[PDB]
Amino acid sequence: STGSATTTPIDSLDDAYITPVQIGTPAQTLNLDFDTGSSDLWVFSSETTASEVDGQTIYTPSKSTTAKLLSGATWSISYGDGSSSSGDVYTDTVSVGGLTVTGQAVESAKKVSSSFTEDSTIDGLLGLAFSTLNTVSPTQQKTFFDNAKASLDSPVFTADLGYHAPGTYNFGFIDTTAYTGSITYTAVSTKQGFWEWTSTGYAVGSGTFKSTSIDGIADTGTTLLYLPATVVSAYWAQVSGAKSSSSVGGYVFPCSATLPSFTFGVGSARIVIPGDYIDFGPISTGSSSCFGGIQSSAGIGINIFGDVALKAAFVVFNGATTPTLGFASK
């Protein structure tokens, strides 16, 4: 089997991407944030505290003939940005782009933090990291990808995120028309439950490539590119007037700037992030100070190749017995 679904930015900044997902019988379609940095499929639901719902589409398990309470199971998750959600669990039929999993754990939110409530466009998350990070207790549950894997033509999914444009998540096949050149594959460590890999270095604009190992995660659920302070300083030093602002919470730059590109290494290959991808616009409406898309990972504890990086590439998440990650230009 295979599946193919379009993913769409939620706003003009590509803050996140939503992909339609069919849950239950008859289908209830919710727009979920596919997140390769976590492993819970959770939804706004008929159980979510009413005051914490503001425009989201909800899953109502009582209206699904295939929903079953997973008795005794609860879940609770906290994300890198400080947001959180928790609730109980149903199993139900879940389909993405024509690919169907029966008996998928669908985690129903009883509570969500303010950032989720305030984002009317995101109806929940679909985790695509390794199932060892799943938060369901007392019986840990599998991701949609893990459940689908055996049925897939090939044990892979691909992320093809757009810059200010729709893109695609595919399951079970590599679309050879969706990228240019060849795909370069690189080793993955699953020790922390993430798609964790080591970049071979970087360049700033037209500058020389610096060979240096940068361990980090491929995380579609994180907006920006978070890298070591040394690397980030080298980037922003090339932008007149750029500075790190503790009051704003990262690097800002004059909105009048033209940003240089940023290149990262994948083995001997190179992925180029155009300068425009690094512009996240005015810090507040009408400001001439703009927020940077490359930020320091210092104090996160991990480097994160978020959407800013991944949208510059066609990315293969290879869930073979020895997982790997593939990157191609596009």
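What follows draws every value from the coordinates through simple rules; no lab data is involved. Please note: Cβ atoms are built from the backbone with ideal geometry, for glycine as well, and neighbour counts cover all protein chains shown.
Size of the range 1-131 along its principal axes in angstrom, Cα-based, largest extent first?
Taking the Cα atoms of the range 1-131, the three principal extents are 36, 33, 28 Å.
Between the range 7-63 and the range 282-330, how far is it from one alpha carbon centroid to the other, in angstrom?
Cα centres, the range 7-63 to the range 282-330: 22 Å.
Using a Förster radius of 22 Å, what is the FRET efficiency between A237 and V272 based on their Cβ-Cβ separation? Nearest 0.05, please. Could you put the intermediate results ahead of the total?
Details: r = 19 Å, r/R0 = 0.87.
Given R0 = 22 Å and the Cβ-Cβ separation, E is 0.70.
Distances longer than 19 Å among the Cα atoms of the range 30-102: what percent of all pairs is that?
Details: 1059 of 2628 pairs.
Of all Cα-Cα pairs in the range 30-102, 40 percent lie more than 19 Å apart.
With runs of 4+ DSSP H residues as the only contributors, calculate the mean residue ellipticity of the chain at 222 nm using -39,500 (n - 2.57) per run, divided by the residue total and rounded to the nearest 500.
On the way: 4 runs with 22 residues, N = 330.
The per-residue figure over the chain is -1500 deg cm²/dmol.
Run through all the Cα pairs of the range 142-219 and give the fraction in each 10 Å bin from 0, expressed as whole percent.
With 10 Å bins starting at 0, P(r) equals 14, 34, 40, 11, 2.
Work the Kirkwood hydrodynamic radius out for the range 102-253: mean of 1/r over every pair of different alpha-carbon atoms, inverted, in Å.
Working: mean 1/r = 0.0522 Å⁻¹.
About 19.2 Å, per the Kirkwood formula over Cα pairs.
Output the Kirkwood hydrodynamic radius of the chain, Cα pairs only, in Å rounded to one decimal. Before the final figure, lay out each step's value.
Details: mean 1/r = 0.0493 Å⁻¹.
With all distinct Cα pairs of the chain included, I get 20.3 Å.
Placing +1 on the Cβ of each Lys and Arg and -1 on the Cβ of each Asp and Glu in the range 5-174, which of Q56, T135, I122 has its Cα farthest towards the positive end of the resulting dipole?
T135
Sorted from largest down, what three extents in whole angstroms do the Cα atoms of the range 185-330 have along their principal axes?
Computed over the Cα atoms, the extents are 50, 29, 25 Å.
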